[PDB]
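Let me begin by presenting the structure, written as structure tokens, before commenting on it.
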Amino acid sequence: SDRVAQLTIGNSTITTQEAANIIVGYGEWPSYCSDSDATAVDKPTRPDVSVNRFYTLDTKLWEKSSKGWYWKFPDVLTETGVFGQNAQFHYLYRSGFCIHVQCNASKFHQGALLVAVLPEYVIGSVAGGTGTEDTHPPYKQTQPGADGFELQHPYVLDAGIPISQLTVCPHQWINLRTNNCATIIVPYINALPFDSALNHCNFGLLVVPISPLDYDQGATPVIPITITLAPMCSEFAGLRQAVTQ
Amino acid sequence: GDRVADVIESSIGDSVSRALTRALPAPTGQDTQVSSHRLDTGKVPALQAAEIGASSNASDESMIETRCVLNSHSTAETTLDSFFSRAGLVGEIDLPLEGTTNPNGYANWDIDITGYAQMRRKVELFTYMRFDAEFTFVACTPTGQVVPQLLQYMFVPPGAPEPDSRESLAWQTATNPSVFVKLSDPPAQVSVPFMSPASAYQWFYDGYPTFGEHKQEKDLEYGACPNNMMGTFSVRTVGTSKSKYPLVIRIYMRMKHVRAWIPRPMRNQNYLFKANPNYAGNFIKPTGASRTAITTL
Amino acid sequence: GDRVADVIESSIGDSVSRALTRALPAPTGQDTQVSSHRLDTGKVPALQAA
Amino acid sequence: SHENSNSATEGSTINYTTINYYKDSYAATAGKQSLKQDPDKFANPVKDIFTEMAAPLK
Amino acid sequence: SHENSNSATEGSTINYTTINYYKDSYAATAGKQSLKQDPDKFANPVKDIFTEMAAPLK
Amino acid sequence: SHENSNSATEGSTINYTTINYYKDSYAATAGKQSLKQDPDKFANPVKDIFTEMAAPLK
């Protein structure tokens with residue numbers, strides 16, 4: 001009975017009492033991050049629990065002709081909030097996460113969603129769509145902002161990625177039999193210890209409806225899905241002034 | 001002194017990557033045997049369902065029974081990680097006496113696994129890797145015979161300037177040792193350790209390996225890093241005795257000291273450049289051929 | 001000798017017509033009395049719905 | 001045999017010695033290794049653990 | 001000599017060690033083996049065995 | 001191994017043996033050596049040493 005959460009900030013909040021349980025990861029111990037291998041030797045700090053709390057970032061709708069969506073991690077909150085300014089003026093970042101997506105369906109509604117968190121994913125961009133003519137994709141698809149971006153082809157994930165072979169990542173189902181909300185757990189993984197928040201892209205989410213949305217005419221056409229995230233025990237290194245360069 | 005206890009909430013005991021969950025080791029384990037049908041409780045682990053592992057409140061097998069199977073197979077030496085190499089064509093190059101593709105008399109090729117995607121894509125199924133490599137250069141005639149000529153091999157370490165003439169300074173390569181080989185000696189066989197600047201080779205990586213603001217000018221460095229690479233190899237003929245026969249080389253590749261991570265699934269499409277996510281969208285075809293019906297062929 | 005135990009699953013103890021259920025006798029029984037309205041637990045068999 | 005090595009790769013369960021035809025030392029046979037597998041977390045991410053006697057679900 | 005083998009062929013009566021010029025181990029001399037023969041069942045398929053003193057046939 | 005050497009270079013902390021393909025003896029691997037550094041005199045040429053408790057300067 002450890003599927004509880006105490007959350008209250010701003011003016012509203014969301015907590016659960018009899019939700020769809022949780023998913024455990026790696027069966028492991030708590031720890032901080034490696035400190036005695038950086039370029040410099042200065043002592044680290046610990047920002048603690050100053051600002052880490054949940055604000056929803058988008059309530060994505062699900063419709064009859066949903067084609068797929070995703071996000072860029074951690075580009076979602078790198079530009080907004082005191083966390084945004086801290087990430088902008090600070091070079092090194094690391095923290096854990098507890099992803100909680102709210103996904104409810106009514107008695108009338110039937111269907112399921114294909115929500116897959118894909119780490120380390122080199123993003124499959126539009127790249128001109130065809131890509132045979134050298135017209136480079138503009139910046140309006142590299143830094144979309146809080147809106148995310150629309151993925152082109154589901155069963156190849158814009159990169160040749162056949163759908164049935166996505167099973168490697170933590171796989172989740174959205175069904176009124178299964179869950180009133182889904183939980184995703186991911187720690188901090190990178191092939192290199194230290195990097196900037198503007199050059200390197202870690203990964204992003206992915207959502208493609210595994211089942212088409214259907215309902216007899218007379219019901220709600222779209223289904224909103226809410227997402228929020230708050231990193232737990234966040235620590236930032238490369239402490240410096242408010243200087244981008 | 002010791003008055004306030006605000007910070008004591010910490011959880012010292014650092015073991016692995018950041019998280020908050022906790023577990024505990026156990027000294028020994030558990031076992032299970034097999035039996036037949038019986039209505040009893042307490043101890044009944046005989047059968048195992050991978051997810052449920054029990055019987056629902058609606059009976060699954062109330063009508064018939066099951067059977068048993070015995071094992072006689074061994075799995076000790078079935079691992080493939082390093083031994084998965086088998087036969088397959090690899091590739092070749094040529095150094096003719098008179099030609100247009102080689103107006104200089106020497107050939108300098110950039111060393112990489114990006115040689116020929118046909119078989120590299122089999123190894124390219126992963127992203128983060130640590131391995132040993134081997135390069136074999138076998139020399140012969142373009143016709144397919146053997147001729148007693150005078151040849152030798154010079155290595156180009158990374159960071160050295162790329163030769164632009166038959167008499168460049170790159171031939172001295174002071175910090176590069178020398179290998180005593182000749183056409184009479186067995187063909188080239190050189191080991192290559194893991195000198196990646198990072199923990200693994202970067203192919204599926206979205207970033208900017210050059211400092212400064214990112215613009216349309218600085219986009220070609222995807223895959224072809226001018227300096228981050230492990231160098232090239234230059235081949236020519238040294239000495240006053242110039243060869244009177246054109247020559248050809250075949251390049252053989254082999255990998256040792258396997259250590260991999262990050263499983264990445266199979267690709268059913270084609271690229272157009274190195275690590276280019278672009279695909280033939282107008283002619284997408286599934287990974288397998290289907291039929292008008294599944295019942296009959 | 002006695003090596004395999006495939007057949008030992010049997011349930012010797014033949015009593016009556018073929019079935020698979022099992023029960024057991026008891027030496028004595030139980031009784032019950034009557035009372036009035038009260039809000040209590042533990043022992044309250046006073047009334048019986050079939 | 002007055003000679004040591006300059007390698008820091010660990011993960012050996014039995015002590016063993018090596019001899020090389022080159023001047024280095026680790027180029028010989030790497031030795032015999034066992035096989036280990038632990039897929040528990042892959043398919044069973046359950047935090048609430050009951051006792052052996054009790055059923056897992058209510 | 002920190003090295004084992006990956007062979008499962010049995011039937012040896014004396015312990016022995018092997019050394020190979022290749023990286024494998026069993027390519028050297030297989031060792032000395034004895035000779036065994038037992039043709040009893042081939043020519044004498046008799047189930048009814050009498051005692052040593054008594055004659056075999058009535 | 002009834003053979004000695006004709007070398008007088010010292011500075012070894014562990015005893016070790018050598019074998020050579022030539023008739024000489026010291027042409028094989030020289031052995032493993034540690035690293036030592038002592039830059040005290042380079043930057044701290046002070047003759048007047050105070051006790052640990054007292055400050056160095058008046």
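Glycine gets a Cβ as well: all are built from the backbone with ideal geometry, and neighbour counts include every protein chain shown. None of the figures in this text is laboratory data; all of them are computed from the coordinates on show.
From the residues E:1, B:160, B:68, which one has its Cα farthest along the dipole of the protein assembly as shown in the positive direction, the dipole being from +1 and -1 charges on Cβ of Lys/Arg and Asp/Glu about the Cα centre?
Farthest along the dipole direction, towards plus: B:68.
Counting other Cβ atoms within 10 Å, which trypsin sites (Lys or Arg not before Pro) in the range A:1-106 have at most 12 and lie in a DSSP loop? Don't skip to the end; give the middle numbers.
Values: sites: A:3, A:53, A:60, A:64, A:67, A:72, A:94; in loops: A:3, A:53, A:64, A:67, A:72.
Filter output for the range A:1-106: A:64, A:67.
Determine the distance separating the Cα centre of the range B:131-191 from the Cα centre of the range B:201-258; give it in Å without decimals.
15
Suppose every K and R has +1 on its Cβ and every D and E has -1 on its Cβ; what is the size of the dipole of the protein assembly as shown about the Cα centre, in Debye to the nearest 20? Spell out each step's value before the answer.
Details: 63 positive and 77 negative charges, 190 e Å.
For the protein assembly as shown, the charge dipole is close to 920 debye.
Which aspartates and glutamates, on any chain, are close to residue D:23 with Cα under 15 Å apart, when same-chain ones fewer than 8 places away are left out?
Residue D:23 reaches D:3.
What is the average number of partner chain Cβ atoms found within 10 Å of a Cβ in A:188-197?
Whole-number average of other-chain Cβ neighbours for A:188-197 is 3.
Across the residues of B:204-210, average count of Cβ atoms on other protein chains within 10 Å? Write out the running numbers ahead of the final one.
Working: counts 4, 6, 13, 7, 4, 1, 1.
Across the residues of B:204-210, the mean count of other-chain Cβ atoms within 10 Å is 5.
By its C-alpha gyration tensor, with a ≥ b ≥ c as the square roots of the eigenvalues, how is chain E shaped: rounded for a/c under 1.5, else prolate for a/b larger than b/c, else oblate? Before the final figure, lay out the partial values.
Working: a/c = 4.64, a/b = 4.32, b/c = 1.07.
Judged from the Cα gyration tensor, chain E comes out prolate (a/c at least 1.5, a/b above b/c).
Using a Cα-Cα cut-off of under 12 Å, which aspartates and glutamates could be cross-linked to residue A:64, ignoring same-chain neighbours fewer than 8 residues away?
By straight Cα distance, residue A:64 reaches A:214, A:216.
For the range B:103-176, which GluC sites (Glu not before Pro) pass both filters: DSSP loop (anything but H, G, I, E, B) and at most 13 other C-beta atoms within 10 Å? It would help to have the intermediate numbers written out before the result.
Values: sites: B:124, B:134, B:167; in loops: B:124, B:167.
Sites meeting the loop and neighbour criteria: B:167.
Mind scanning B:256/B:285; B:43/D:58; A:72/B:274 and naming the pairs with a C-alpha gap bigger than 28 Å?
Values: B:256/B:285 35 Å; B:43/D:58 18 Å; A:72/B:274 24 Å.
Long pairs (Cα-Cα over 28 Å): B:256/B:285.
Nearest 500 deg cm²/dmol is fine: what mean residue ellipticity at 222 nm does chain A get from its DSSP H runs of n ≥ 4 alone, each adding -39,500 (n - 2.57), divided by its residue count? Walk me through the intermediate numbers first.
On the way: 1 runs with 9 residues, N = 245.
That comes out to -1000 deg cm²/dmol.
Taking residue E:41 in one copy and the same position in all the others, each labelled 7 Å out along Cα→Cβ, what are the pairwise distances from the first, in nm, shortest first?
With the label placed 7 Å along Cα→Cβ, residue E:41 yields 5.5, 9.0 nm.
For the range A:68-175, state which chymotrypsin sites (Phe, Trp or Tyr not before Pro) are in a DSSP loop and have at most 11 other beta carbons lying within 10 Å of their beta carbon. Let's see the in-between values first.
Details: sites: A:69, A:70, A:71, A:83, A:89, A:91, A:93, A:97, A:108, A:121, A:139, A:149, A:155, A:173; in loops: A:71, A:91, A:97, A:108, A:121, A:173.
When the chymotrypsin sites (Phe, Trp or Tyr not before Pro) of the range A:68-175 are filtered for loop state and at most 11 Cβ neighbours within 10 Å, A:108 remain.
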